[PDB]
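Only one chain comes next, encoded as structure tokens, the form deposited in one PDB entry.
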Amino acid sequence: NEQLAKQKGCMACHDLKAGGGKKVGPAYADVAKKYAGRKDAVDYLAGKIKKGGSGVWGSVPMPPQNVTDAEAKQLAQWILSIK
């Protein structure tokens, strides 16, 4: 399974899918660093995940995503936790 592969060190040499390093959106660790000082980061990011947005990291927009309000908040919190 995926967790076993992580534990065994496999992911030092392998990604799940191709295209690493060339994606259209920002790295989550950079999102986490940016908003570390921001008290309302969770709701700000949840809004962007659900409703989409542009201009914060580049000119290409993130389209609105198929997530509930609760999921958007959960994803925001997880991203903020990334170190």
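Only residues modelled in both forms are compared. Note that residue numbering follows the sequence shown and begins at 1. Think of the rigid core as the biggest set of C-alphas that the two forms share within 1.5 Å after superposition.
For the two regions 16 to 24 and 60 to 68, the entry's Cα B-factors average higher over 16 to 24.
Per the deposited record, the Cα B-factor of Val42 falls in the middle third when ranked against the other modelled residues of its chain.
Per the deposited record, the Cα B-factor of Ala76 falls in the lowest third when ranked against the other modelled residues of its chain. Among the modelled residues of its chain, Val31 has a C-alpha B-factor that falls in the lowest third according to the deposited record.
The same protein has a further form, the form deposited in another entry, not shown here; the description that follows concerns it.
Core-superposed comparison between this form and the one not shown: the C-alpha position of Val24 differs by less than 2 Å.
When the rigid core is held fixed, the Cα atom of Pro63 travels less than 2 angstroms between this form and the one not shown. Once both forms are fitted on their rigid core, the CA atom of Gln7 lies 2 Å or more apart between this form and the one not shown. In contrast to the form presented, in the other entry the C-alpha positions of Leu16 and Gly58 draw closer by 3 Å or more. By 3 Å or more, the C-alpha separation between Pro26 and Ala18 shrinks in the other entry relative to the form shown here. Taking the core as fixed, the only part between this form and the one not shown where three or more residues in a row have CA shifts of 2 Å or more is 1 to 18.
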